Amino acid sequence: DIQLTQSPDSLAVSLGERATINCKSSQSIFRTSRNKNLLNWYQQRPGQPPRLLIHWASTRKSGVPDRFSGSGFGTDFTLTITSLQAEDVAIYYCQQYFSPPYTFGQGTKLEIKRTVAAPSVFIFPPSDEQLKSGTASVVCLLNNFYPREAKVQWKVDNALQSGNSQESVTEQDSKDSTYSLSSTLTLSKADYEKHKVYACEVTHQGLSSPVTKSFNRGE
Amino acid sequence: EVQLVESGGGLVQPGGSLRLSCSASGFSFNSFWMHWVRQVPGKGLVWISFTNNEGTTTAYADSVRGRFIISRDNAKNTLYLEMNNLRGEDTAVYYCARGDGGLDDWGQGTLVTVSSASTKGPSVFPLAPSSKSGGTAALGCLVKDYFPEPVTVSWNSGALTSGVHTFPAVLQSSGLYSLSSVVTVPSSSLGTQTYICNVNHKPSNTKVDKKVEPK
Ligand SMILES: [Cl-]
């Protein structure tokens, strides 16, 4: 099997700047008879199928912007992206088409660097319908922030919570380069009904100081 | 348009068998190599198999050789992957792709989940907008306690797409998935505009339309 190693694994590049992604093949993938290095580059945007950018190491597929260019010979290949756009947020994969199995690199995850953007914070009490079932889910939403790093603490009657929440984060948006994040606090109905004040405290670079959103159970 | 459409994916017991189909249109099917590639959700592309134009040459990744069989029906414009003796490590989105210079015109993919766990439909709960972000309100749906993936969430039957965030599912301590779909809208719309999340969990035949009302 031919092994392809990409570097780096993660790359953060600002809008308008240049990204360099390398692919090292464990053996030559130059087919003499076709006079081609049989390397493909793909872009896979969040929640989308892969898109072919380049084949034969340096031939751009019709409709792919000239911002994308492939170079290299033998075992060392490079994808260069000039004038980085918001819509370039993706994982980039190299693949050899020289000898089966037609192996992929491990991928390079491209982050778009943009200006700091504070999250909008929203809290949602559990629904009456859910409380009937014996469980309380409290949700804290951090909407459209940058960068990714964010701290979310749950406080119930000012007791800091541990072990009883899960976070989920969107991929960077293709247009505004922001993240959104959900923190869900799960309590038994009984535990929920023993406390009054439910609070979500958010720390992020874009905020002057931590922001708290809270509600009083039954108000 | 070149169109590839994968089907036949779903929940299957370890040791079981599945047959994926890829329906090809908008090109001369018998003129091109065809490929299967898979991706474990949140992981990388793994090449699985290909066939030449007539199906006289085929190859397979090491981890599936002897268990999977690629084939094609050039008369019916269909590629197949027969998958036998399935294991947990075969759980992935399976893509078909047309070979030209590289792999092109990838389909949306079909999810294969190899698990002995039971199908369970989600409970859908509203995330209601309340009397407070200035001119912007958030609302949503909590889609809780389902197996397997995936669930799809649309808003107002696909008419509301701006400001929608459907979060990745988290696996809970129970081994059931949970996710939220949220949307930000003008506060000005809350009094007059109806907001309904359309949740579909096809593996359990669970379709829910949940109206989310300001409270
Ligand atoms: Cl691979």
# chains A, B, ... in the order shown; residues from 1 in each chain; ligands from 1
call {"tool": "closest_atom_pairs", "arguments": {"of": "range 170-195 of chain A", "to": "range 164-186 of chain B", "cutoff": "9 Å", "atoms": "only C-alpha atoms", "output": "Markdown table"}}
result
| residue | atom | partner | partner_atom | distance |
| --- | --- | --- | --- | --- |
| A:170 | CA | B:167 | CA | 5.7 |
| A:171 | CA | B:167 | CA | 9.0 |
| A:180 | CA | B:165 | CA | 7.5 |
| A:181 | CA | B:167 | CA | 7.7 |
| A:182 | CA | B:167 | CA | 7.5 |
call {"tool": "write_last_selection", "arguments": {"atoms": "N, CA, C and O atoms", "output": "PDB file, in the first residue's frame"}}
result
ATOM      1  N   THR A 170     -20.672  23.803  16.137  1.00  0.00           N
ATOM      2  CA  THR A 170     -20.804  23.748  14.664  1.00  0.00           C
ATOM      3  C   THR A 170     -19.399  23.840  14.066  1.00  0.00           C
ATOM      4  O   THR A 170     -18.451  24.239  14.774  1.00  0.00           O
ATOM      5  N   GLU A 171     -19.269  23.456  12.810  1.00  0.00           N
ATOM      6  CA  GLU A 171     -18.077  23.778  11.989  1.00  0.00           C
ATOM      7  C   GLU A 171     -18.145  25.273  11.671  1.00  0.00           C
ATOM      8  O   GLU A 171     -19.241  25.875  11.687  1.00  0.00           O
ATOM      9  N   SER A 180     -20.837  28.366  16.355  1.00  0.00           N
ATOM     10  CA  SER A 180     -21.900  28.360  17.381  1.00  0.00           C
ATOM     11  C   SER A 180     -21.734  27.113  18.249  1.00  0.00           C
ATOM     12  O   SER A 180     -21.163  26.106  17.778  1.00  0.00           O
ATOM     13  N   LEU A 181     -22.193  27.195  19.491  1.00  0.00           N
ATOM     14  CA  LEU A 181     -22.000  26.144  20.509  1.00  0.00           C
ATOM     15  C   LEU A 181     -23.267  26.052  21.363  1.00  0.00           C
ATOM     16  O   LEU A 181     -23.842  27.113  21.704  1.00  0.00           O
ATOM     17  N   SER A 182     -23.687  24.825  21.670  1.00  0.00           N
ATOM     18  CA  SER A 182     -24.790  24.477  22.593  1.00  0.00           C
ATOM     19  C   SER A 182     -24.145  23.833  23.810  1.00  0.00           C
ATOM     20  O   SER A 182     -23.248  23.002  23.607  1.00  0.00           O
TER      21      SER A 182
END
call {"tool": "interface_residues", "arguments": {"of": "chain B", "to": "chain A", "cutoff": "9 Å", "atoms": "only C-alpha atoms", "output": "MDAnalysis selection string"}}
result
chainID B and resid 43:50 59:62 95 101:109 123:130 132:133 137:139 142 165:170 172 179:180 182 184
call {"tool": "atom_distance", "arguments": {"atom1": "CA of residue 89 in chain B", "atom2": "CA of residue 12 in chain B"}}
result
12.6 Å
call {"tool": "residues_around", "arguments": {"residues": "residue 198 in chain A", "least_positions_apart": "4", "cutoff": "6 Å", "atoms": "only C-alpha atoms", "output": "mmCIF file with N, CA, C and O atoms, in the first residue's frame"}}
result
data_model
loop_
_atom_site.group_PDB
_atom_site.id
_atom_site.type_symbol
_atom_site.label_atom_id
_atom_site.label_comp_id
_atom_site.auth_asym_id
_atom_site.auth_seq_id
_atom_site.Cartn_x
_atom_site.Cartn_y
_atom_site.Cartn_z
ATOM 1 N N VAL A 156 -26.383 26.569 39.351
ATOM 2 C CA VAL A 156 -27.752 26.320 39.884
ATOM 3 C C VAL A 156 -27.767 26.760 41.351
ATOM 4 O O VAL A 156 -27.012 26.176 42.145
ATOM 5 N N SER A 214 -29.643 33.839 32.687
ATOM 6 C CA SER A 214 -30.282 33.057 33.768
ATOM 7 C C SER A 214 -31.796 33.222 33.688
ATOM 8 O O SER A 214 -32.272 34.130 32.988
ATOM 9 N N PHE A 215 -32.501 32.329 34.365
ATOM 10 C CA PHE A 215 -33.964 32.392 34.574
ATOM 11 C C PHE A 215 -34.238 31.811 35.964
ATOM 12 O O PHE A 215 -33.388 31.051 36.504
#
call {"tool": "residues_around", "arguments": {"residues": "range 77-79 of chain A", "least_positions_apart": "6", "cutoff": "9 Å", "atoms": "only C-alpha atoms", "output": "ChimeraX atom specification"}}
result
/A:19-25,39,41,54,57-58,68-71,92,94
call {"tool": "write_last_selection", "arguments": {"atoms": "N, CA, C and O atoms", "output": "JSON list (two decimals), in the first residue's frame"}}
result
[["chain", "number", "residue", "atom", "x", "y", "z"],
["A", 19, "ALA", "N", -2.35, 29.76, 1.91],
["A", 19, "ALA", "CA", -2.26, 28.47, 2.63],
["A", 19, "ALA", "C", -1.36, 27.52, 1.84],
["A", 19, "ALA", "O", -1.52, 27.43, 0.61],
["A", 20, "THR", "N", -0.47, 26.83, 2.54],
["A", 20, "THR", "CA", 0.42, 25.81, 1.96],
["A", 20, "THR", "C", 0.16, 24.48, 2.66],
["A", 20, "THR", "O", 0.37, 24.38, 3.89],
["A", 21, "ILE", "N", -0.25, 23.46, 1.90],
["A", 21, "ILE", "CA", -0.56, 22.11, 2.44],
["A", 21, "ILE", "C", 0.30, 21.11, 1.69],
["A", 21, "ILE", "O", 0.27, 21.13, 0.45],
["A", 22, "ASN", "N", 1.08, 20.30, 2.40],
["A", 22, "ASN", "CA", 1.99, 19.33, 1.77],
["A", 22, "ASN", "C", 1.40, 17.92, 1.83],
["A", 22, "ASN", "O", 0.66, 17.61, 2.78],
["A", 23, "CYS", "N", 1.79, 17.09, 0.86],
["A", 23, "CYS", "CA", 1.45, 15.65, 0.78],
["A", 23, "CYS", "C", 2.72, 14.90, 0.37],
["A", 23, "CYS", "O", 3.27, 15.21, -0.72],
["A", 24, "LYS", "N", 3.17, 13.99, 1.24],
["A", 24, "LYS", "CA", 4.35, 13.13, 1.03],
["A", 24, "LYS", "C", 3.84, 11.70, 0.74],
["A", 24, "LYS", "O", 3.13, 11.14, 1.60],
["A", 25, "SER", "N", 4.15, 11.14, -0.43],
["A", 25, "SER", "CA", 3.86, 9.72, -0.75],
["A", 25, "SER", "C", 5.05, 8.84, -0.37],
["A", 25, "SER", "O", 6.19, 9.30, -0.55],
["A", 39, "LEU", "N", -1.63, 12.34, -8.61],
["A", 39, "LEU", "CA", -2.11, 12.87, -7.32],
["A", 39, "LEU", "C", -3.34, 13.74, -7.52],
["A", 39, "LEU", "O", -3.32, 14.61, -8.41],
["A", 41, "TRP", "N", -6.25, 16.26, -5.37],
["A", 41, "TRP", "CA", -6.57, 17.10, -4.21],
["A", 41, "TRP", "C", -8.08, 17.29, -4.17],
["A", 41, "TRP", "O", -8.70, 17.58, -5.24],
["A", 54, "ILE", "N", -8.04, 19.25, -8.09],
["A", 54, "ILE", "CA", -6.86, 19.05, -8.95],
["A", 54, "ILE", "C", -6.65, 17.55, -9.12],
["A", 54, "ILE", "O", -6.84, 16.80, -8.12],
["A", 57, "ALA", "N", -1.65, 15.90, -10.23],
["A", 57, "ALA", "CA", -0.81, 16.75, -9.35],
["A", 57, "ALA", "C", -1.09, 18.24, -9.56],
["A", 57, "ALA", "O", -1.05, 18.96, -8.55],
["A", 58, "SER", "N", -1.34, 18.71, -10.78],
["A", 58, "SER", "CA", -1.35, 20.16, -11.05],
["A", 58, "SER", "C", -2.41, 20.56, -12.07],
["A", 58, "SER", "O", -2.47, 21.77, -12.33],
["A", 68, "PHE", "N", -6.48, 28.04, -6.37],
["A", 68, "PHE", "CA", -6.02, 26.67, -6.01],
["A", 68, "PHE", "C", -4.96, 26.22, -7.01],
["A", 68, "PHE", "O", -5.27, 26.19, -8.19],
["A", 69, "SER", "N", -3.77, 25.84, -6.57],
["A", 69, "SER", "CA", -2.77, 25.28, -7.51],
["A", 69, "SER", "C", -2.02, 24.14, -6.84],
["A", 69, "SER", "O", -1.73, 24.22, -5.63],
["A", 70, "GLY", "N", -1.78, 23.08, -7.61],
["A", 70, "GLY", "CA", -1.00, 21.92, -7.15],
["A", 70, "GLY", "C", 0.35, 21.91, -7.82],
["A", 70, "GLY", "O", 0.42, 22.31, -8.97],
["A", 71, "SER", "N", 1.37, 21.49, -7.10],
["A", 71, "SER", "CA", 2.77, 21.42, -7.58],
["A", 71, "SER", "C", 3.40, 20.18, -6.96],
["A", 71, "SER", "O", 2.76, 19.54, -6.10],
["A", 92, "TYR", "N", -8.97, 19.37, 3.49],
["A", 92, "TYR", "CA", -8.31, 19.12, 2.19],
["A", 92, "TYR", "C", -7.62, 17.77, 2.27],
["A", 92, "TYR", "O", -6.90, 17.53, 3.26],
["A", 94, "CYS", "N", -5.34, 14.85, -0.05],
["A", 94, "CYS", "CA", -4.62, 14.31, -1.21],
["A", 94, "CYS", "C", -4.99, 12.83, -1.32],
["A", 94, "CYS", "O", -5.50, 12.25, -0.32]]
call {"tool": "atom_distance", "arguments": {"atom1": "CA of residue 45 in chain A", "atom2": "CA of residue 89 in chain A"}}
result
6.3 Å
call {"tool": "residues_around", "arguments": {"residues": "residue 75 in chain B", "least_positions_apart": "6", "cutoff": "12 Å", "atoms": "only C-alpha atoms", "output": "list in words"}}
result
residues 23, 24, 25, 28, 29, 30 and 54 of chain B
call {"tool": "write_last_selection", "arguments": {"atoms": "N, CA, C and O atoms", "output": "PDB file, in the first residue's frame"}}
result
ATOM      1  N   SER B  23     -27.018   4.960  -8.133  1.00  0.00           N
ATOM      2  CA  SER B  23     -27.734   5.240  -9.406  1.00  0.00           C
ATOM      3  C   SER B  23     -27.072   6.423 -10.098  1.00  0.00           C
ATOM      4  O   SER B  23     -27.031   7.515  -9.487  1.00  0.00           O
ATOM      5  N   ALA B  24     -26.595   6.190 -11.318  1.00  0.00           N
ATOM      6  CA  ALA B  24     -25.824   7.143 -12.148  1.00  0.00           C
ATOM      7  C   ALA B  24     -26.716   7.678 -13.262  1.00  0.00           C
ATOM      8  O   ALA B  24     -27.409   6.880 -13.892  1.00  0.00           O
ATOM      9  N   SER B  25     -26.695   8.984 -13.499  1.00  0.00           N
ATOM     10  CA  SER B  25     -27.382   9.617 -14.649  1.00  0.00           C
ATOM     11  C   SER B  25     -26.603  10.854 -15.106  1.00  0.00           C
ATOM     12  O   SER B  25     -25.803  11.392 -14.296  1.00  0.00           O
ATOM     13  N   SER B  28     -22.289   8.855 -19.718  1.00  0.00           N
ATOM     14  CA  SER B  28     -22.176   7.497 -20.298  1.00  0.00           C
ATOM     15  C   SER B  28     -21.535   6.582 -19.250  1.00  0.00           C
ATOM     16  O   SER B  28     -20.295   6.476 -19.211  1.00  0.00           O
ATOM     17  N   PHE B  29     -22.372   5.959 -18.419  1.00  0.00           N
ATOM     18  CA  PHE B  29     -21.969   5.166 -17.231  1.00  0.00           C
ATOM     19  C   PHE B  29     -20.852   4.188 -17.595  1.00  0.00           C
ATOM     20  O   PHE B  29     -19.862   4.105 -16.846  1.00  0.00           O
ATOM     21  N   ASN B  30     -20.984   3.467 -18.711  1.00  0.00           N
ATOM     22  CA  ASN B  30     -20.051   2.360 -19.068  1.00  0.00           C
ATOM     23  C   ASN B  30     -18.687   2.894 -19.548  1.00  0.00           C
ATOM     24  O   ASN B  30     -17.811   2.054 -19.835  1.00  0.00           O
ATOM     25  N   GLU B  54     -16.022  -2.110 -17.451  1.00  0.00           N
ATOM     26  CA  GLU B  54     -16.819  -3.322 -17.793  1.00  0.00           C
ATOM     27  C   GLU B  54     -16.900  -4.251 -16.580  1.00  0.00           C
ATOM     28  O   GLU B  54     -17.630  -5.235 -16.671  1.00  0.00           O
TER      29      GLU B  54
END
call {"tool": "select_by_dssp", "arguments": {"residues": "range 32-212 of chain A", "states": "strand (DSSP E)", "output": "PyMOL selection string"}}
result
chain A and resi 36-37+39-44+51-55+59-60+68-73+76-81+90-96+108-113+120-124+135-145+151-156+159-160+165-169+179-188+197-203+211-212
call {"tool": "closest_residue", "arguments": {"among": "B:31, B:5, B:73, B:38", "to": "ligand 1", "atoms": "only C-alpha atoms and all ligand atoms"}}
result
B:38
call {"tool": "residues_around", "arguments": {"residues": "residue 115 in chain A", "least_positions_apart": "5", "cutoff": "10 Å", "atoms": "only C-alpha atoms", "output": "CSV table (one decimal) with C-alpha atoms, in the first residue's frame"}}
result
chain,number,residue,atom,x,y,z
A,14,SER,CA,-6.4,34.7,7.5
A,15,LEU,CA,-8.8,35.9,4.7
A,145,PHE,CA,-18.5,33.7,17.7
A,146,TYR,CA,-14.7,33.7,16.8
A,147,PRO,CA,-12.4,32.3,17.8
A,177,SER,CA,-16.3,32.2,9.5
A,178,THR,CA,-18.0,32.0,13.0
A,206,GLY,CA,-14.9,39.1,22.3
call {"tool": "closest_residue", "arguments": {"among": "B:199, B:64, B:208, B:81", "to": "ligand 1", "atoms": "only C-alpha atoms and all ligand atoms"}}
result
B:64
